[PDB]
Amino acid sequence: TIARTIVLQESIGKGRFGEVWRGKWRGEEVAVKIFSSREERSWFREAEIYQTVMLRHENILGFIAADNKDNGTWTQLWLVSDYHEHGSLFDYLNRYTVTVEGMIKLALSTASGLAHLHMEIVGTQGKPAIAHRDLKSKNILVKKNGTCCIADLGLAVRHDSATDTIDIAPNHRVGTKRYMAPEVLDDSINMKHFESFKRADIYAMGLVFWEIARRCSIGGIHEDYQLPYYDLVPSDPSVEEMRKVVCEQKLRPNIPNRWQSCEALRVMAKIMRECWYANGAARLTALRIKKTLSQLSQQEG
C-alpha cells in the first residue's frame, strides 16, 4: 500500500549501498532508498535495525517503512523515510557557514542521536544498545530547524545485554576508511566487546565535530569546508594510508589555536581531543558529550 502510492521525483542519493530518491506520498515529500533484489541482505538488515528496535528519536532519521515493492519483472526493495531538503551535514557544511548557535545545535543533536543509539533500555519493551559503525558527515542529515538526525544504520550492531552477545550484521563491506577508529585501522579492536564499537563511534563523531567547528563563522573568519585529514591523505584513502597517519604518526585533524578565543569553540575543541585518544577506554561517552553540550547550550540561549 505504501510503496505503490509513492511517486519518485529525483535522485538525491549516493551510490555505495543502494540509491536514494526524493518522493511524493499523499502530498508529502518523502525519501526512498531503493535496493535491487540482489542487494537484498543489506536491505533487510537496515530495515531490521530501524524496526526491531524502539529507535524513535528526533535525532535519528524518521523511518517510515520497508516494502518489498514487487514488480512482476524485477521486484525492488524500498526503504522509506522522512525527507530532508538540506541533505547531508556534509552538503550543509559545504554550502553554508554557521553561527556559534548553529554549531551547538548541530553538535548537540548529533550527540543526542548517538547517545540514544548507544543507550540500552533493559526489560519488557526495552531498546538494545546499538553501535553505528559508519558515522560520518554524509550519514547525518540536517533538518529544516537546524538540527541533525543520524542516518544509514545498515552496518549497526545491536547488543544483547542478556546473553552479552552481539547481533552481527549480514553484509560484505565495513565502514568508511577515513573515519575508521585507530583500533579498527590497525585491526586491534576486540570485535567481541560491544563497548569497543561505541568507543569507535565517539572517535568518528569527534571528526564530525571538527568539520562543523571549522565552519563556525565569527567576525567573518572561518576556514573552508574540509574532510578530516584532508591535509594528510588522498581522496578515497586506503586502510594502509589512514593507519600510517593515524596510528604510526599518531596524527589527528588540526585544531586552530584561534578556537580558544571563543568559549564554545574551546568546549568543542576539548571534546574533540577527548574523542581522539588512541585508547578507546579514555574517550568520552556520547551521553557525557550531550550533557556538556547541553550545559553550553543553556548558557548561549
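Whichever C-alpha set is largest while still superposing within 1.5 Å between the two forms counts as the rigid core. Start at 1 with the first residue shown and count on from there.
**Segment of greater CA departure in 5 other deposited structures of this protein, 269-277 or 50-58, core superposed** = Comparing 269-277 with 50-58, the larger C-alpha deviation in 5 other deposited structures of this protein belongs to 50-58.
**Request:** Return whichever of 248-256 or 28-36 has the larger RMS Cα deviation from the displayed form in 5 other deposited structures of this protein, where every structure is aligned on the rigid core.
**Result:** When 248-256 and 28-36 are compared in 5 other deposited structures of this protein, 28-36 lies farther out.
**Message:** Tell me whether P170 turns out to be unmodelled in at least a third of the other entries of this protein, restricted to those that model residues on both sides.
**Reply:** Missing in at least a third of the others, so yes.
**Asked** Which has the higher mean CA temperature factor in the PDB entry, 265-273 or 57-65?
**Response** Going by the record's values, the stretch with the higher mean is 265-273.
**Stretch exceeding the other in mean C-alpha B-factor - 222-230, 91-99** = Stretch with the higher mean C-alpha B-factor: 222-230.
**Request:** Between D164, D152, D82, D187, let me know which has the highest C-alpha B-factor in the entry?
**Result:** In the PDB entry, the greatest C-alpha B-factor among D164, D152, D82, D187 is found at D164.
**Item:** Selection from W74, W210, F194, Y179 [criterion: highest C-alpha temperature factor in the record]
**Value:** In the PDB entry, the greatest C-alpha B-factor among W74, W210, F194, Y179 is found at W74.
**Asked** By its CA B factor, does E29 count among the lowest, middle or highest third of the modelled residues in the chain?
**Response** Tercile = middle for this residue's CA B-factor.
**Request:** Among all modelled residues of this chain, ranked by Cα B factor, put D134 in the bottom, middle or top third, i.e. lowest, middle or highest.
**Result:** Lowest third of the chain for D134's C-alpha B-factor.
**Request:** Taking the values exactly as deposited, rank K290 by C-alpha B-factor within its chain and report the matching third: lowest, middle or highest.
**Result:** Middle third.
**Asked** Mind checking which third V174 falls in for C-alpha B-factor across the chain?
**Response** Answer is highest: the recorded C-alpha B-factor places it there.
**Message:** Lowest, middle or highest third: which one holds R283 when the chain's residues are ordered by CA B-factor from the entry?
**Reply:** CA B-factor rank for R283: middle third.
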